[PDB]
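**Student:** Submitted below is the structure of interest, expressed as structure tokens.
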Amino acid sequence: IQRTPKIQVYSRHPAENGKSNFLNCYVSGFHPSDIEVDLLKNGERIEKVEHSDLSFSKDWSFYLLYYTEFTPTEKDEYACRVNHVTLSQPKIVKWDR
Amino acid sequence: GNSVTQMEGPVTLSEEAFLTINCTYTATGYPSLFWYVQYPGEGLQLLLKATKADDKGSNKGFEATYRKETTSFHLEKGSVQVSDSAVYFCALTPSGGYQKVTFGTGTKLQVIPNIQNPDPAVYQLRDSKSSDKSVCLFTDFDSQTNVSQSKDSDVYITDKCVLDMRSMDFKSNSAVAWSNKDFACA
Amino acid sequence: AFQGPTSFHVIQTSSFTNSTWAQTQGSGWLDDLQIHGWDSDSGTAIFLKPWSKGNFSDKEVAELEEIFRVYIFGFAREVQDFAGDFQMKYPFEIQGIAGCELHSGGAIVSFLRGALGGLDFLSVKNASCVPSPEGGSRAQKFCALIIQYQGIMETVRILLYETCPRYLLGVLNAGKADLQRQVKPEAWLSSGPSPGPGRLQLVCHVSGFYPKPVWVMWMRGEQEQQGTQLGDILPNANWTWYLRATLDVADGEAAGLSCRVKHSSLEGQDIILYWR
Amino acid sequence: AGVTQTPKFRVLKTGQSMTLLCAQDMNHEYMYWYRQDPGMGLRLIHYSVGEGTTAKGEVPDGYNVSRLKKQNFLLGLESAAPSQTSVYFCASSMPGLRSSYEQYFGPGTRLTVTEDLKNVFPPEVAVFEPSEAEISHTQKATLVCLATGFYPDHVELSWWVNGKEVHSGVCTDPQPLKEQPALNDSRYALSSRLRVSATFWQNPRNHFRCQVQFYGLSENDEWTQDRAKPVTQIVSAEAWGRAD
Ligand SMILES: CCCCCCCC/C=C\CCCCCCCC(=O)O[C@@H](COC(=O)CCCCCCCCCCCCCCC)COP(=O)([O-])OCC[N+](C)(C)C
Ligand SMILES: *[C@@H]1O[C@H](CO)[C@@H](O)[C@H](O)[C@H]1NC(C)=O
Ligand SMILES: [Cl-]
């Protein structure tokens, strides 16, 4: 039917300033498949962002993993902006540190 | 590894005779079967088809039942017309038509007409132009009469051909002979 | 901690916008791992692992690729031809999943399920079309029609019950150096969004573990904190997993708590992290 | 008009290049190029499953194809060989379970590759008047047309009566004969009969004409001979009806 995407933002390794890490954004439980996912750094989109090929769960709802290599500093704030047909406004889920 | 095996060679039949062109195939699955007809000087065209086992194709008096058990698609006609003189290709393709077609070599059909009053005669025809060239015309012979091959290098004998004067509904067989020589007719 | 069968499956996602436009997305999976991709533009399979072809010869691989290429091509053309009759309103979507899974006892179960609008439509049981109740009259109509195409049913039966089980056993053995490995997780603690005025959310992050079964729990020494909220097992690009276990506690009832992590790679040396 | 082909006929020197065009305005996805020889049947050269895609058939060497637009299937010969002497047929089909997925064929393209273009000869056309013995014995009159010394065997014979094409009482040889069956580039001969009523031939106002349309050399074909260039032309012969 028409399902809203669940958004979960996480780091591969513990947050440590000035050292390489991976930022992840897992979007699941949505239908239809069409979705726009963006990983943000201080409110603006990260261009170099990799993602999985479309897969779906047993219940037919879709899931995708968006990720990028990043090196966070003390001042840097990260998030994941997701736009879907079930959303009237893009939902931003920040990365908690 | 599909294949189509149809009748060995040329088949001559008199007008109104029963025709049977046998066709068998080898294929893995549930293929579709076809009969293509190729008239002299023309391309191939579908005569009839049977997309699934036990289907029956019917066109121009011809018919063919798709028998999976005997892996066959035999072509039949109760009374062959002179207009049926063509090459008949049995064909096969996986169902859906998304893959190539496998054709047999084709069977040539020659439907010879029934001559009611055979009057064989050889005539000498004079060229309309000043040239004293002549041709020989063997006509009004029956359909069973064979045209003797030349067995001379500079003498030319054509094959028999049928002409129909449709207004009078009179059909007639004819062969032409000629030579650039002394050459006497017949 | 929970574990199911090891399965190989191919998936399809087809979007029918109008009668002249349709787009299909396809891939091949060995559980959560993508081993196959499909380049819809060229109509070819992309092998994402050196063992993605399994123990199948280059001739047999090229035959299956051709079956799937003709299928992906034919599928959108056949749905657009039959939509009128089935009473389809544009736009709509279709999903498909087919393959086989190895159970305990060496029993390989083959499956094929279709969907319409994210809802169950059909299933395959004993090489036969089984319409789903959710599918309605449309699923019954679909199964009654597809039977009439014995060539399609034969091809689906060969693929599901002959090609697949041996493909699975072959791909499991061909990729055992990647499939059969132990990767140890790293664990860290942090503080989460406040669940209230006099409340704390203690977060326990567990990441970099392979295989997928894990155990994470908040403890008071040996006292299992029963209010531990278990997150989802989330993927990491490098074939590892991420999981966070939270606990809502009053400001003071968090002083002597720790996080204990159990995994198959840790060789009995559980990761314990004291709150501090 | 279904499946069409250009050219209808072509004669090439060995090593010369050409392109055969196949078009279909039936929106068919699939297109095929075949060649037909006596005893061999239909042999696929190349085929296309859609616009931009081509694949090799049973006999693909010496040929190249292209499918830039879905409507057309272009067959190329980069270096013509005498072995490429055949009748080429294009086919097209529309796949689909409910589709009428049979193949639709074009009319054919006759190709003849000769070692030398000075082997190309137009026909000589002569009309032979009905025999008096046939007229008195059957009350019928058979005119005979004979086209001789032509190469390649790319001809169209037709009978005309008072400037109108006739089909009734007409019969032409299925194929032109080899004048010298033992040599490769031998010239050909074609015979046709026009049988009419004796009264019809006896009217002196009736004009009979045997038309032979020959396909031969083009404008771009080089000709360095004393003989008249054996271009595509109509060669005809006539006879007027006669009382006594
Ligand atoms: C490695 C294993 C991976 C894991 C398993 C993967 C699972 C894969 C499962 C399923 C996915 C792939 C299915 C392929 C079926 C195509 C049929 C076919 O090819 O044959 C027919 C072509 O038929 C066509 O023309 C192709 C058209 C297909 C689109 C039809 C859409 C509606 C069917 C909706 C279907 C939904 C099914 C729901 C069930 C009710 C012709 O039949 P044939 O004449 O007998 O020739 C075949 C033999 N031959 C090729 C040797 C000559
Ligand atoms: C079909 O949808 C596609 C995608 O929006 C569009 O490009 C195409 O023009 C549409 N055509 C019509 C008129 O249905
Ligand atoms: Cl047209």
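Chain A uses Swiss-Prot numbers throughout; the residues present, in order, are 21-117.
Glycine is treated like the rest: Cβ placed from N, Cα and C.
Reproduced below are the annotations present in Swiss-Prot:
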- A:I21: glycation site (CARBOHYD)
- A:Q22: pyrrolidone carboxylic acid (MOD_RES)
- A:25-113: domain 'Ig-like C1-type' (DOMAIN)
- A:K39: glycation site (CARBOHYD)
- A:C45-A:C100: disulfide bond (DISULFID)
- A:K61: glycation site (CARBOHYD)
- A:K68: glycation site (CARBOHYD)
- A:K78: glycation site (CARBOHYD)
- A:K111: glycation site (CARBOHYD)
- A:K114: glycation site (CARBOHYD)
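What does the local environment look like for each feature on the list?
**Tutor:** A simple way to gauge crowding: the CB of A:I21 (glycation site) has 10 other CB atoms within 10 angstroms, across all the protein chains here.
Reduced to three states, the DSSP call for A:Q22 (pyrrolidone carboxylic acid) is coil.
There are 10 other CB atoms within 10 A of the CB of A:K39 (glycation site), with all protein chains counted.
In the three-state DSSP scheme, A:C45 (disulfide bond) is classed as strand.
Here the Cβ of A:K61 (glycation site) has 16 other Cβ atoms within 10 Å, regardless of which shown protein chain they belong to.
Listed in sequence order, A:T88, A:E89 are the same-chain residues at least 6 apart in sequence whose CB falls under 8 Å from the CB of A:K68 (glycation site).
A:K78 (glycation site) falls outside any helix or strand according to DSSP and counts as coil.
Of all Cβ atoms in the protein chains displayed, 15 besides its own lie within 10 Å of the Cβ of A:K111 (glycation site).
DSSP gives A:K114 (glycation site) a strand state. There are 12 other Cβ atoms within 10 Å of the Cβ belonging to A:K114 (glycation site).
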**Student:** Just to verify: the residue among A:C45, A:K78 with the fewest other Cβ atoms within 10 Å, which of the recorded positions is it?
**Tutor:** A:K78
**Student:** Could you tell me which of the recorded positions A:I21, A:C45, A:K61, A:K68, A:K111, A:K114 sit with their CB under 8 A from some CB of chain C, listed in sequence order (or 'none')?
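**Tutor:** Listed recorded positions passing the 8 Å Cβ cut to C: A:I21.
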**Student:** Run through the Cβ atoms and count how many others sit within 10 Å of the one on A:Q22 (pyrrolidone carboxylic acid).
**Tutor:** 11
**Student:** Rounded to a whole number, how many Å is the Cα of A:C100 (disulfide bond) away from the Cα of A:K61 (glycation site)?
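**Tutor:** Between the Cα atoms of A:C100 (disulfide bond) and A:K61 (glycation site), the distance comes to 9 Å.
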**Student:** Out of A:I21, A:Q22, A:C45, A:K61, A:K78, the recorded positions in the record, which is closest to A:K111 (glycation site) when you go by Cα distance?
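**Tutor:** With Cα distances computed to A:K111 (glycation site), the winner among A:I21, A:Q22, A:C45, A:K61, A:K78 is A:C45.
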**Student:** Have a look around A:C100 (disulfide bond) and count the other CB atoms within 10 A of its CB, chains all included.
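**Tutor:** Cβ-Cβ neighbours of A:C100 (disulfide bond) within 10 Å number 23.
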**Student:** Taking DSSP three-state, what's A:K61 (glycation site) in: helix, strand or coil?
**Tutor:** strand
